[PDB]
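First the structure, then my questions, so here it is.
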Amino acid sequence: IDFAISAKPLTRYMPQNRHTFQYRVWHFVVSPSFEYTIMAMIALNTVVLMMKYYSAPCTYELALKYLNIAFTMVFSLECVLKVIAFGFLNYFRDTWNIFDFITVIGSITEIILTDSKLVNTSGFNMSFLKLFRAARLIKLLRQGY
Ligand SMILES: CC(C)CCC[C@@H](C)[C@H]1CC[C@H]2[C@@H]3CC=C4C[C@@H](OC(=O)CCC(=O)O)CC[C@]4(C)[C@H]3CC[C@]12C
Ligand SMILES: CC(C)CCC[C@@H](C)[C@H]1CC[C@H]2[C@@H]3CC=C4C[C@@H](OC(=O)CCC(=O)O)CC[C@]4(C)[C@H]3CC[C@]12C
């Protein structure tokens, strides 16, 4: 029970400036119209991962392609909305953000390499990049405790 040896610090992410940007976005990030509106985008994104099936009409496969993009942008827009509102160094210190950073930087590059302008050759395969967009399911584990 004597963990008073640690756990001294608290939040300490206050910008405390009423600043032009930093205390304009930080107010947006906190005070849920964002905490529940990103807990709803990781709720529909765990439904477009279950909606893949075998022999889809090729316009079902296309609706999922443009939905996956429409969640990657939202999750990437989240990513550059917390480097701004918290600062770069205070962002990469929760370990639940450098997880959400990796999944988005790994799913941004899944959209590109499976698109044109770059070829899938040189004996290296983009099949393992599907794990990065199927790892957004673990973002639901965060609201366990
Ligand atoms: C968290 C959950 C409760 C929300 C929604 C998830 C499931 C209820 C949905 C998502 C994807 C669906 C699947 C998507 C595709 C198919 C193929 C489909 O096969 C056909 O094309 C034949 C008949 C048909 O068109 O449904 C049969 C239903 C099934 C398995 C669906 C069953 C219901 C699933 C699992
Ligand atoms: C974004 C989240 C909430 C996913 C839930 C959306 C689904 C309710 C939508 C998205 C893609 C839709 C599908 C896209 C393509 C088709 C093929 C379509 O078959 C056709 O050939 C008709 C017209 C066409 O798409 O060319 C019939 C409807 C269906 C199954 C749609 C049914 C409704 C779906 C599953």
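Residue numbering in chain A adheres to Swiss-Prot, whereby the residues present occupy positions 1447-1591 in order.
Including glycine, each Cβ sits where the backbone N, Cα and C put it.
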Consult Swiss-Prot and decide if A1509 and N1566 are found on one and the same side of the membrane.
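Same side, per Swiss-Prot.
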Any residues 6+ beyond the ends of the topological domain 'Cytoplasmic' (1534-1541) with a Cβ under 8 Å from its own?
1459, 1528, 1547
Tell me which residues of the chain lie with their Cβ under 8 angstroms from that of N1566 (N-linked glycosylation site), as long as they are six or more apart in sequence?
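In sequence order, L1559, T1560, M1572 meet the Cβ cut-off.
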